[PDB]
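Everything on this sheet refers to the single structure shown next.
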RNA sequence: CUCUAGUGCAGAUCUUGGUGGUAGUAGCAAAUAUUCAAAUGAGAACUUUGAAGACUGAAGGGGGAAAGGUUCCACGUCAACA
């Protein structure tokens with residue numbers, strides 16, 4: 132595990148306001164690829180409600196996540 | 001061995017049909033956010049189910065007549081066809 136930061140600044144600047152956060156969760160998918168080096172990407176409904184609580188126009192910038200490597204044999208699920 | 005007829009095709013912005021052409025290009029149906037997990041499986045964003053959010057609520061709620069007429073329903077199939 133690392134305890135990570137997810138700064139949701141860029142890719143949220145230039146995207147529509149009322150449909151901002153559905154593009155922002157797609158960045159939570161991107162981040163998992165490089166910084167672990169995994170084939171599969173996996174989130175949870177725990178990370179759906181990690182943004183959406185303060186909904187779409189407002190967002191969490193300081194959205195600091197966790198990650199853990201297994202599922203089947205190896206894969207990183209953000210958990 | 002000689003007589004007889006609906007008797008020679010390139011064409012009236014024609015006529016009987018396939019095939020070419022733009023072209024695998026545009027279109028892909030009025031701007032009401034979607035994210036994530038499962039059931040089943042040969043294949044799953046779409047069936048179906050759960051977690052969660054957008055959305056409307058003088059109607060996305062409710063409900064009768066004309067008109068149509070079994071399209072509902074359960075059962076049952078993935079070929080043509082969306």
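In our numbering, the protein residues as written are 132 to 210.
All residues carry an ideal CB built from backbone N, CA and C; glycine is no exception.
- Burial is judged here by how many other beta carbons sit within 10 angstroms of a residue's own beta carbon; residue 163 has at least 16 and is buried.
- DSSP places residue 210 in the coil class of the three-state scheme, outside both helix and strand.
- Shown here for residue 207: same chain residues with a beta carbon closer than 8 angstroms to its own, the five before and five after excluded, namely 163, 167, 169, 171, 172, 173, 198, 199 and 200 in chain order.
- With a contact defined as Cβ atoms closer than 8 angstroms, residue 133 and residue 142 miss out at about 21 angstroms.
- In this structure, residue 209 sits near residue 196, with a CB-CB distance shorter than 8 angstroms.
- In this structure, the beta-carbon distance from residue 182 to residue 165 does not fall below 8 angstroms.
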